[PDB]
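Taking the form deposited in one PDB entry, here's one chain by itself in structure tokens.
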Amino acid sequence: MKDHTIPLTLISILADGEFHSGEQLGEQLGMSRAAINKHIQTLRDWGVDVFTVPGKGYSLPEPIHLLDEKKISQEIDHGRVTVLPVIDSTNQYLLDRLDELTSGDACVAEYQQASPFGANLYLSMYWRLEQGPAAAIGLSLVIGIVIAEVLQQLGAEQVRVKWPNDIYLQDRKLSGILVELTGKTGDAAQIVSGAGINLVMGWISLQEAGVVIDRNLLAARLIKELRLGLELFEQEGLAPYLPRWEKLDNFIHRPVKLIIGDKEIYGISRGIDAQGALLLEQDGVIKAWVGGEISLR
């Protein structure tokens, strides 16, 4: 099998359609000017109409777009996946790499050093919202519905969600969601959302519920479905998820216990409003709360 990287890297540089003298290319590719002529010859051999002028050098009449594996794969998958079975934190790996991350990029692991090996599935995904930080209102919810639905689609049909960042099964924590957001006025919002699912044995595990899933299968699908769910949330907001949310709310129409800071509130949850805030009914008045943690009572 012949190797064609060297002539391909030549034409890729020339894709400007501009002129490049012999030395200029000989610098980048690190070869002699005859080697440049040899490969630019093979370009003419391939049918590439490269015209050579003495002083200026070689050029292509019209700039060309070339086949790129990375360009192609980005459009098929909407993001890459880096799997490190042992890691410190799936969320941290992405946070340390925001500069070259694109929406849909994911990181998968089964042991977080920062709970035994393979007992949990750890998944994080980056997403960039063109709209400012305000466009990520119910993201943490959105991750919850998508992950929970995926577990339902895989046999764990009785998994529910706890407002705002937890997956519950048998009124017990099956998975925790942790979304981390950095924002700046004008600039876009960069969010790395992550979760950890209890696979094997307060807390509950997938196997305890009689649901068996191959970890690669659970991982792949979540990344697939979460990517799709986030594109929906990017162009439509929380609106499509309001009907989907209530169907999985574990504490809706039940007494809940809210702890915001050093304060404690009592009442019946009534789901969420269009802004993802908890609806707490107290003596018939249902008014929304935006932060804290809920608890059955």
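The term rigid core refers to the maximal set of C-alpha atoms that superpose within 1.5 Å between the two forms. Don't overthink the numbering: it's just position in the shown sequence, from 1.
Keep in mind the form deposited in another entry is missing from the figure; the text below concerns it.
Participant: Picking from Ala134, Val83, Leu217, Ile72, which residue has its CA shift by 2 Å or more between the shown form and the other one, once the rigid core of the two forms is superposed?
Facilitator: The listed residue whose C-alpha shifts by at least 2 Å is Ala134.
Participant: Is there a C-alpha shift of 2 Å or more at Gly30 between the shown form and the other one once the rigid core is superposed?
Facilitator: Yes, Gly30 moves 2 Å or more.
Participant: When the two forms are laid on each other by their rigid core, does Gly57 show a Cα shift of 2 Å or more between the shown form and the other one?
Facilitator: Where the cores coincide, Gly57 still shows a C-alpha shift between the shown form and the other one that is 2 Å or more.
Participant: My question is whether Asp96 is one of the residues whose C-alpha shifts by 2 Å or more between the shown form and the other one, given a fit on the rigid core.
Facilitator: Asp96 C-alpha, core-superposed: shift of less than 2 Å.
Participant: Based on a C-alpha change of 3 angstroms or more, tell me if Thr102 and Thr9 lie closer or farther in that other deposited form than in the shown form.
Facilitator: Farther: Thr102 and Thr9 separate by 3 Å or more in that other deposited form.
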